[PDB]
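Survey of secondary and tertiary structure
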Amino acid sequence: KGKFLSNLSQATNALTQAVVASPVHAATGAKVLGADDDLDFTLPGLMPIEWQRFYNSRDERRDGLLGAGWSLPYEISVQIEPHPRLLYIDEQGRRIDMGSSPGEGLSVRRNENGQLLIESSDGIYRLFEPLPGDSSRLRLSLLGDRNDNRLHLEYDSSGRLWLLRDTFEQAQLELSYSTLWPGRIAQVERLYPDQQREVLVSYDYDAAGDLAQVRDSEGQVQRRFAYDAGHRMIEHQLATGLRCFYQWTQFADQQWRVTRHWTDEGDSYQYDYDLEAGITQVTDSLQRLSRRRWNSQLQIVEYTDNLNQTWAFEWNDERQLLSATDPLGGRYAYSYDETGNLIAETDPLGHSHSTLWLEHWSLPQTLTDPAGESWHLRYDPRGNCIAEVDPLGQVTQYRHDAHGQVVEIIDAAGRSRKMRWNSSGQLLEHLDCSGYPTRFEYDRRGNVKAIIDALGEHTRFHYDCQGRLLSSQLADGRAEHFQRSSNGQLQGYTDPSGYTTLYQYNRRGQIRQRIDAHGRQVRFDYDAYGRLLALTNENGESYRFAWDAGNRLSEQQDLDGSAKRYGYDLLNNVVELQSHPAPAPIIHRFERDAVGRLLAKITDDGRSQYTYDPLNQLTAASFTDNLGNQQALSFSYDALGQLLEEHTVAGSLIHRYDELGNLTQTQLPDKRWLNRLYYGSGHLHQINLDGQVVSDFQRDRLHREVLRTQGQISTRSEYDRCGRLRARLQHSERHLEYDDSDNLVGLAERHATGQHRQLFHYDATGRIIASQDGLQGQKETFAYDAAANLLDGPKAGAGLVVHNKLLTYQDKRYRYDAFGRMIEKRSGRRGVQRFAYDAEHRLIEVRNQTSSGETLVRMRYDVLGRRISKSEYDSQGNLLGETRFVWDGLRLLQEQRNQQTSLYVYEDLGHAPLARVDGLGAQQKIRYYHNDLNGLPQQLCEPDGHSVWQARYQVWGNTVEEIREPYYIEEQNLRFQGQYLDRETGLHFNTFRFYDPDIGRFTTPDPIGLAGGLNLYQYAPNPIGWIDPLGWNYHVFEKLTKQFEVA
Amino acid sequence: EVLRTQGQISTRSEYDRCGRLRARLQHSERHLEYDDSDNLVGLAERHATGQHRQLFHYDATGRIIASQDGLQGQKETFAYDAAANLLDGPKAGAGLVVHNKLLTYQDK
Amino acid sequence: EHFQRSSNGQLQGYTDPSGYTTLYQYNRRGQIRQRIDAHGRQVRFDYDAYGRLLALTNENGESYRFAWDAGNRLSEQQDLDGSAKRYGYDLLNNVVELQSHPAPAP
């Protein structure tokens, strides 16, 4: 009735690092070798067929379909023995003796007059039948799920598995044996309705019948093995060529345990055992040491890593985990149910997750969050989910078909989605809230041959015999080709424009070399143990890394020599960060709770304090200066984490959402309301502000704006079949011509009158090299070095820009500090400028020389790094001006200057501007932007199309060639997405870094480092089809196409 | 040739778009089903009456390894060594036929 | 049908509409050196320093052999079983005597 014995969060990771070492179990000096590497193939169906092999070296079965050690899921066996009764052998090779009936080991048995049925924790059940000629042994006959889906097995004479048949009584697989080893499988074949055949895998055996070689349908060897006299494996070789060699030894227990492992790359490991005390030691060539201590049950109780971190565990009968204890004393505790189902977990902070299950099956009925909010589920008598209920009370409904496949979803507000499924378990037709279907088409092998959208456009795919993708193709005719090698360790991607990108790997599968279209070679270097050491750039400059015993990043060196050194606590968390300049240091210190979450940051600039909710969602923040004033922020979320209120020194921001999660409306500090009427996502979306209609959108069957109303005038859009914007018109005009790579190469502005046209030229890698205008009034040419450092024209057509330090370009000159930060800039338009930086690498003070002398501008930053105020002082500290900002989640919303207020309204959730509102009350005036494809504005129109402000730009940095305004006084500063012009210095702000439009580069390296790319000063390959609004949610520390810690 | 006269009877042919013979008829009947590699894998002889069908199985290299008839009155299986030397069935499923000298096959 | 080539990789591949791949590998002179069928059957060639074929090795392992004269004219050919053919050439690069020797009368 239970206790069926056998013989073999942060806590869930510590436990998994000690149970197994190197595939080598810790307590048992054995092997376990099962993963996707041994997953020979997989077939579609209501019940998938997964051919997963397993090797243990501890099972006692000397014979089988694949030899000693190896096992297959369909070799399950049941034996009946005298009481000193019933025994079950699983896929993993664990001998389970039940006896004469739920068990805590996740196994259920019940015997019927004619057969026996075993159900696991989930709905999968397996049915045995008596073995012909033997009443003391049983063999697998049927498999099934909670639904009616099932698999049958048909055996041959001599009791050898022959066929596997599906629920519809149709054969799928067939086994073929040999003559030398009739008990060993040789080939596996697949059957189609056409009575055809196709081989999937082949096996070759040694002189002892032990599996030695595996081959695919294409005859390419994938895996090799070798064996000792006792059938114990000593060598296994993967597909990439990597060879692992083992050794075995005999102990006083008359059981064989592994003692030594090595490879062809120099990696080595040595194991030592002391069974009296249950102690296991592991040693490496690097002199690293690991220690484990286990109990008589062969369960781990003590773990000691290379760093002397100590973990302890407590075990209960039936092999359940009760408690885990960390080096700091923090205790994780668990509590189960009578059936073994987990009920509660509690962590050192005392925040508990709880769940209440059912009785018929192991299904969760209620879930509880640490805050107390609960999720409710109610099921169908067959186990299928029928409805879900959230804390807010909003319900969701599902309908399940006969075979347990969902066919209709009803969400809140009555929105309905419907689906049709294939007999093999493959989706065919999907419908949205409206009648807009997307359909699929499948090939004989069961892959996605084609996809059909609402408009009827077809996309086609051509696969290999093994399913590996080769080509993708569109209706317009463009195609993409992929080149791969099973063992060649080479891959290639061919752009629709014909250009190829190559990748080369190593024996471990790690990327080693990349080659671009123009031969730019990027290389990587690895240690014997697989740890990255050097990353070598296109030009030759290399970044370097150095790792500690625990494989935690210790030191990072950039191109210029600037180094970062990290210090880790006893629980694998950083507490000290040191930045050393290239040939004084900067130190940041941290203080964190028992869990990983951060409380305090200390810098020479001051102190920062944080406060979270039990769900690890930030609720309060503070910064206190060094003997100075203090500022603070507060937040307030909803039951689902939705942010409802944000309170700061500026005031209060209030949001209200819909049941679908959309942002229905918002309230400003000035108490005005923004309302947005969603239909989930579709037509007749509207923006109303406080009662004044601003813009109403009419959308197409893909939910793309085809018409936009901007007052008394309307704007229309026309898109291509492939989905690219082709033309735009404005009548109460413009055309874009692209390339095969979707780059923008031509832009016509007039068709009804003398056409004005513009051109751009790109390299194969997207870098823009030239620019011309149809008026012939402009001409620009750009030259780039490898690694994308701009060059000063043909004067320096060839030459290395060291460390990506741009020193001169035309009349500009730059100077750089030891940390890579610009300090001095020299030009003619605005003279010489100097900059000063905070400890967090932020810009505070800019000094400029003017006819009035040395003017100054100082920037004020909030706790999170956002910009709130800017102040300009003339000489002798005489204030000239001040401007203040109001954000809305990393997106500018309002700005305020002397008796002036400006509100920005965007389109959708992007940074792209749509409308600008000036003044309050009767003084409110509404104006509309006319943006380009990149969001860069070109004219600002009142109603009736009056161009109040017009601009023309260069390609880079939207540097102004001409601007014109009449009586309108407010300045336009938006420029690119995320940017705001600072006329007092001429450098854009973005959100976290300043941008120099003269050279198209940032003035300081990326705070996050290599995550942003190899070049730390780069904005993008081209500013016409790329964006980088952040220049880098909430950032506790510190690109897109058209380790740092966060919340 | 779409039509051929053979005396008092006429014969008609129907070809696929790709150019492969698909069916043939003879009235004053037969159908071929191919594979993606254009190999012949099925041959039906009757459509107006009880259909009689035949099958063939090929390797990836085109070598024919099996043959079956819809009447179930015939069954043949062929095993080849590397270099395409016929083998005497499973009795010699593996082994080198030296110099392509075939010495025995069934009673020969 | 898909074709795979390398500008300097000296590897080529043809993918049948049925999905199966045939591979060819060349040498520094561009001469074919190895062929691999869909099922791994490997056919190999051997060349002399001067680019003259010497051996043609079959799928199983049996090899045909060749021997050339000063003028790069075929002199001797050996089959798998040892049967040899020897050619005699006149003063104007034309054959006048053909001798077939059985494996161990002509």
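The residue numbering used throughout counts from 1 along each chain in the order its sequence is written. It may not match the entry numbering, and residues with no coordinates are not shown. All chains are assigned letters beginning with A, and all ligands numbers beginning with 1, in the order in which they are written. This view covers only part of a larger assembly, and the values given relate to that part. Neither water nor hydrogens contribute to the side-chain values; these are computed over all heavy atoms in the structure. Residues with missing side-chain atoms are left out of burial classes, side-chain pairs and their counts.

In its metadata, the entry names cryo-EM as the structure determination method and reports 3.3 Å as the resolution.

1. Remarks on the overall build of chain A
Each helix and strand counted, chain A has 1 helix and 91 strands in total. Against the globule reference of 31 Å for 1047 residues, chain A gives a C-alpha radius of gyration of 34 Å, in line with a compact fold. The C-alpha extent of chain A, read off along each of the three principal axes, is 105 × 65 × 60 Å. Numbering of helices and strands starts at the N terminus; helices are DSSP runs of H or I of at least 4 residues and strands are runs of E of at least 2. Only C-alpha atoms enter the radius of gyration, while the globule expectation follows 2.2 Å times N to the 0.38, with N the number of residues.

2. As for the pairing of strand 39 (residues 427-431) of chain A
Residues and elements named next belong to chain A. Whether a residue is buried, partly exposed or exposed follows from its accessible area with a 1.4 Å probe, protein chains only, as a fraction of its type maximum: under 20%, in between, or over 50%, in that order. Across the 5 residues that make up strand 39, a large majority, 4, are buried. Alignment of strand 38 (residues 416-421) against strand 39, held across 4 bridges, turns out to be antiparallel. Bridging across to strand 39, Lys418 finds its partner in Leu431. Connecting the antiparallel pair strand 38 and strand 39 is a turn made up of 5 residues, with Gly425 showing a positive phi of about 85 degrees. Strands pair, by our definition, only if DSSP identifies at least two bridges between them. By the bridge criterion, 3 bridges tie strand 39 to strand 40 (residues 437-442) in an arrangement that is antiparallel. Considered in strand 40, the bridge of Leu431 is made with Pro437. Hairpin connection of strand 39 to strand 40: 5 residues between the antiparallel strands.

3. Here's the deal with the environment of A:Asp204
Residue and element names in this part refer to chain A. Within the fold, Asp204 resides in strand 18 (residues 197-205). A residue is classified by how much of its surface remains accessible, and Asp204, at 29% relative accessible area, is partly exposed. The spacing of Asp204 and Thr501 is 297 residues in sequence and 38 Å in space, taken between C-alpha atoms. With near-sequence residues (within four places) excluded, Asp204 lies in contact with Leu211, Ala212, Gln213 and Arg215. Whether two residues are in contact is decided by their heavy atoms: any pair within 4.5 Å suffices.

4. Considerations on the packing of aromatic side chains
Residue and element names in this part refer to chain A. Stacked, edge-to-face and tilted labels apply to pairs of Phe, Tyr and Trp rings (six-membered ring for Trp) whose centres lie within 6.5 Å, assigned for plane angles under 30 degrees, over 60, and everything in between, in that order. According to the stated counting rule, one finds 21 aromatic pairs over all chains in the structure shown. Taking the centre distance of 6.3 Å and the plane angle of 75 degrees together, the rings of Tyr269 and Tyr529 count as edge-to-face. On the criterion of sequence distance, the pair formed by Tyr269 in strand 24 (residues 268-274) and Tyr529 in the loop between strand 48 (521-526) and strand 49 (532-536) is long-range, its members being 260 residues apart. Across the pair, exposure class does not vary: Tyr269 and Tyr529 are buried alike.

5. What to know about the nonpolar core
Residue and element names in this part refer to chain A. Put simply, buried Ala, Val, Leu, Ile, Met, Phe, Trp, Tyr and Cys residues joined by side-chain atoms within 4.5 Å make one nonpolar core. Counting 48 residues, the largest nonpolar core has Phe835, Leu843, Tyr904, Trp956 and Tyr1019 as the members making the most contacts within it. Among the elements that take part in this core, strand 86 (residues 947-953) stands out by supplying 4 residues, more than any other. Not counting residues up to four positions away in its chain, the partners in contact with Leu843 are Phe835, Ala836, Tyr837, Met859, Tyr861 and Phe994.

6. Some points on the pattern of salt bridges
A pairing counts as a salt bridge when a side-chain nitrogen of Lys or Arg comes within 4 Å of a carboxyl oxygen of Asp or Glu. Within the structure shown, the criterion is met by 70 salt bridges over all chains. Here A:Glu198 and A:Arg445 are joined by a salt bridge, their closest N and O atoms 3.2 Å apart. Placement of A:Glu198 in strand 18 and of A:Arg445 in the loop between strand 40 and strand 41 (448-452) is noted, with a sequence separation of 247 residues between them. Judged by relative accessible area, A:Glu198 falls into the buried class, the value being 13%. Taking the relative accessible area as the measure of exposure, A:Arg445 reaches 25% and is therefore partly exposed. When the shortest N-O distance is used, the salt bridge between C:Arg73 and C:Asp69 registers 2.8 Å.

7. Points about the sheet that holds strand 10 (residues 95-101) of chain C
All names here are of chain C. Sheet architecture is open: 10 strands sit in the order 1-2-3-4-5-6-7-8-9-10, paired in antiparallel fashion. Two strands lie at the open edges of the sheet, namely strand 1 (2-5) and strand 10, each paired on one side alone. Put simply, the sheet's adjacent strands are angled 15 degrees from each other on average, direction ignored. Axis definition: a line fitted to C-alpha atoms, limited for helices to the stretch in contact. Angles are taken between N-to-C directions and run from 0 to 180 degrees.

8. Quick look at the interface of chain A and chain C
Listed by partner, the interface residues are 13 residues for chain A and 11 residues for chain C. Put simply, buried area is the surface a 1.4 Å probe can reach on two separate parts but cannot reach once they are joined, added for both. If you sort the residues of chain A by the area they bury against chain C, A:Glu218, A:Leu470 and A:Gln483 come out on top, with a joint share of 42%. Taken together, the connections running from chain A to chain C amount to 0 salt bridges. Polar contacts here mean pairs of N or O atoms no more than 3.5 Å apart (in protein, one a potential hydrogen donor and the other a potential acceptor; neighbouring residues in sequence count only if both atoms are side-chain atoms). Linking chain A with chain C are 2 residue pairs in polar contact. Of all elements in the fold, only strand 43 (469-473) and strand 44 (479-484) of chain A reach the threshold of two or more residues within the side of chain A that touches chain C. The leading source of residues in the side of chain A that touches chain C is strand 44 of chain A, at 3 residues. Amino acids are sorted into nonpolar (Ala, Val, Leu, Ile, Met, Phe, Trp, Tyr, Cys and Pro), charged (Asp, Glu, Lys and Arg) and polar (every other residue, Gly among them). A per-class count over the side of chain A that touches chain C returns 2 nonpolar, 6 polar and 5 charged.

9. Observations concerning the sheet that holds strand 1 (residues 3-5) of chain B
Strand pairs in the sheet, formed through backbone hydrogen bonds, run parallel or antiparallel to each other. Residue and element names in this part refer to chain B. The strand order across the open sheet formed by 8 strands is 1-2-3-4-5-6-7-8, and the pairing between neighbours is antiparallel. Edge strands, defined here as strands with exactly one partner in the open sheet, are strand 1 and strand 8 (75-77). Averaged over all pairs of adjacent strands, the angle between strand axes in this sheet comes to 10 degrees, irrespective of strand direction. Relative to strand 6 (residues 53-58), strand 5 (residues 40-44) runs antiparallel, the two being bridged by 3 bridges. Paired with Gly42 across the bridge in strand 6 is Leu55.

10. Brief notes about empty space enclosed by the protein
Unfilled space is identified by rolling a water-sized probe across the atoms. Residue and element names in this part refer to chain A. Cavities and pockets are defined on a 1 Å grid built over the protein atoms alone: a cavity is a set of grid points where a 1.4 Å probe fits but cannot escape, while a pocket is an open set with protein on both sides within 12 Å along at least five of seven lines, and lining residues are those with an atom within 4 Å of any such point. Grid points are joined across faces, edges and corners, and a volume is the space filled by probe spheres set on the points. The space that makes up the largest cavity amounts to roughly 210 Å³. Lining the largest cavity we find 19 residues, and of these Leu892, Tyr906, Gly978, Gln979 and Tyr980 sit closest to its centre. Considered class by class, the residues forming the lining of the largest cavity number 9 nonpolar, 7 polar and 3 charged.

11. With respect to the side chain of A:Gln833
Residues and elements named next belong to chain A. Mapped onto the secondary structure, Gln833 falls in strand 76 (residues 832-837). Within the structure, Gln833 has its side chain in polar contact with the backbone oxygen of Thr985 (distance 3.5 Å). Every residue in contact with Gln833, bar those within four places of it in the chain, is listed here: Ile823, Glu824, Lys825, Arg847, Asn848 and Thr985.

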